[PDB]
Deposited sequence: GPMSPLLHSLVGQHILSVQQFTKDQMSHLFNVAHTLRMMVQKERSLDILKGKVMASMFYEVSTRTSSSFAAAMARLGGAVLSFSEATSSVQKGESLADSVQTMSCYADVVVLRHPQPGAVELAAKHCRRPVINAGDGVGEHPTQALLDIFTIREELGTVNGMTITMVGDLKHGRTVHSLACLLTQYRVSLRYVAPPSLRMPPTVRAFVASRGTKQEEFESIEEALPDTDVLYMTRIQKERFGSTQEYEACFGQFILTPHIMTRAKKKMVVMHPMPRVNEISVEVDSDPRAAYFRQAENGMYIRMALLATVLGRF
């Protein structure tokens, strides 16, 4: 908590704590860490430090990337399977989280419950990096979604952002959508009216649209999301199954200097034949997170 930019020791719990000078740095780290790997430069950076993974939701992208990330800088990772943990013996979450805070130097916690994370973070001898909460924050996702947006399109400022799919529940879209307000972008929606109020305050446009087929011609980023059939309209359900879907047939009325993103997981929303399409940056999105974590973990531990 000193001069220059530095998170050294800082917890990483909400996206509110990031600045633009920090993120650009945070991005400048990732490219540099990436490029070391691309050429095979030794990374004894977090050699000897340890990361404690704690995930109570079901994931295999955040955690994996986090695992690859830690393992790439030289560090090690504590598999924590709650299923096979002393929780099957009645122990507090803090009790565990702190216990693990004894054997590790950072923490990566992911909990669905409303703010089980804030709590566990609150008192911790060691730092905690959010990966999910019940309140919907996901700074690492939001964080990585930017590099994609910046890398993919040259700059961030000016872009118009079509966020598509079920957004109400959407816990990733509150993380990015809000943070996007550090840039000059027009937000389109295809959403929780409660925290839509913070965004529009700072002038960040906000307009609702019928489907992709209409909102797409002025689109610089097509941010997609899993819907969930179960929990939809009611009897009727049908077209909204098909509308908020990106087939390769839709993608023909889409800008050519544009990129479509997905946090993932997905199922049938983005048509499998949309895989092989340069404008398809949803898989590279997954790849680039690994470097935010290396960009983050490494910094959050003072080794960069």
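S.K.: Deposited sequence versus model: which ranges have no CA atoms?
M.R.: In sequence order, the gaps with no modelled C-alpha are 1-3, 194-199, 246.
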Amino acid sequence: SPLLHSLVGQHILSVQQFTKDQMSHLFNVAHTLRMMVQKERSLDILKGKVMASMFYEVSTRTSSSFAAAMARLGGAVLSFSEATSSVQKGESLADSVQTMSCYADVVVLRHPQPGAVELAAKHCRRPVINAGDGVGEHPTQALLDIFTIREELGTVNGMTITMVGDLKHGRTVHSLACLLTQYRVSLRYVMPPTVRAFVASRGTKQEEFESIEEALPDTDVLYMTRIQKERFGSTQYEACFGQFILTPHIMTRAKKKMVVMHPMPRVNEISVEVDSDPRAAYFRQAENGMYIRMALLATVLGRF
From here on, numbers count along this sequence of modelled residues.
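S.K.: Using only C-alpha atoms and the B-factors in the entry, which stretch averages higher, 150-158 or 203-211?
M.R.: The stretch with the larger average C-alpha B-factor is 203-211.
S.K.: With reference to the PDB entry, specify whether the mean Cα temperature factor is higher for 288-296 or for 5-13.
M.R.: That would be 288-296.
S.K.: Of the choices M251, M51, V58, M54, which one's C-alpha carries the largest B-factor in the record?
M.R.: Comparing C-alpha B-factors across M251, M51, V58, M54, the top value belongs to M251.
S.K.: From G233, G74, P127, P192, which pick has the Cα B-factor that tops the rest in the entry?
M.R.: Comparing C-alpha B-factors across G233, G74, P127, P192, the maximum falls on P192.
S.K.: Please place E273 in the lowest, middle or highest third of its chain by C-alpha B factor as given in the entry.
M.R.: As the PDB entry reports it, the C-alpha B-factor of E273 lands in the highest third of its chain.
S.K.: Which third of the chain holds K122 when residues are ordered by C-alpha B factor: lowest, middle or highest?
M.R.: Top third by C-alpha B-factor.
S.K.: Using the B-factors in the PDB entry, rank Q88's C-alpha atom against the chain and give the third, lowest, middle or highest.
M.R.: Middle third - that is where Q88 ends up once the chain's C-alpha B-factors are sorted.
S.K.: Please place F244 in the lowest, middle or highest third of its chain by C-alpha B factor as given in the entry.
M.R.: According to the entry, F244 has a C-alpha B-factor in the chain's highest third.
S.K.: How does the C-alpha B factor of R266 compare with the rest of the chain: lowest, middle or highest third?
M.R.: Lowest third - that is where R266 ends up once the chain's C-alpha B-factors are sorted.
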